[PDB]
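Read the single chain below, which is given as structure tokens and is the form deposited without this ligand.
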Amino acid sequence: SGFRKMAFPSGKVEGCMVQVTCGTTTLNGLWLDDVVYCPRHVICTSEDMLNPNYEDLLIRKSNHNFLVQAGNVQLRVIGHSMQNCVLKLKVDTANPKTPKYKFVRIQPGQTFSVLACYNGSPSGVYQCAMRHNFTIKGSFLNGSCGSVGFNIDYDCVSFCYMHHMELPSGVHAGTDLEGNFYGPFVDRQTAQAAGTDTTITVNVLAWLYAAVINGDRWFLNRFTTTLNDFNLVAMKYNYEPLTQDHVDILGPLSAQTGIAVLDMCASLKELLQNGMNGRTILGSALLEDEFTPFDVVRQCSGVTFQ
């Protein structure tokens, strides 16, 4: 028992992180097979970032201008290509430590693990969620660009995120591994507002299920509700409207706990209206929304990876 924000074991991704330098700029790349993936803004100076023309900046770069270092090993770049907001560097050596992998573009609400890296070296691992406004709330300092987010399934690593920017508000923006940003963000040092950060309702419900499984039952109430009545409340508190797909995803947890989804929604309603009255749920004094239904089933049934 107990319930923790828990990352995937990072070892498969550690073995893929390299350092990429171009002129004076150093950041992280991901070395899968014989291709190194990195933020295209590796070709930029501090000044370029104010208003980069990436196509023009890229012209003044050749293969040899990209230094790729895996630990101390220097990799040889024999080809480069810009794909959306990421550079692909062809190298002469396949990564021996390449795992089974896929590139996925995730939907808002889905969670993943970040391996925060500096100079091609891993420093730490934490969980986060793709927010409904296409930001993440990470921990990223200068040099962290190219750090990646992922999920693991048995032996397959699904990369879903590459870190590119911090917005002036201090939240984080980046791309999938095809180089398309999540949301409206651009790789330019200009003003960019996020948008309303709505709570991921289906995640909060999952976490309520988790609490119940773990003996934290005080918030269960006598009431039920309707999808429409609940959603009236959700919309007042900037909660994502709950859909019948959401109800479906919560079915297994409903089944294990014997608590119908809508009963759980009525508990949520009363929490939103009355607050927590200074109590906690699973050691938090606010409603947590960065656990997916899958995250809870995982942690509650001890799923394992190779």
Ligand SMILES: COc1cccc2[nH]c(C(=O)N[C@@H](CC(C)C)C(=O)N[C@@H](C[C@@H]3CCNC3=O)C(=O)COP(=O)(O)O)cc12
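A residue's number is simply how far along the shown sequence it sits, counting from 1.
From this point on, the text means the form solved in complex with this ligand, which you will not see here.
- Contact here is defined as any heavy atom lying within 4.5 Å of this ligand in the deposited bound form, and by that definition each of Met165, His172 and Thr190 is a contact residue.
- Heavy atoms within 4.5 Å of this ligand in the deposited bound form are found in one stretch of 67 to 75, 156 to 164, 207 to 215, 228 to 236, which is 156 to 164.
- When contacts are judged by a 4.5 Å heavy atom cut-off, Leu89 does not count as touching this ligand in the deposited bound form.
- The closest heavy atom approach of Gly143 to this ligand in the deposited bound form falls within 4.5 Å.
- At the 4.5 Å threshold, heavy atoms of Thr26 reach this ligand in the deposited bound form.
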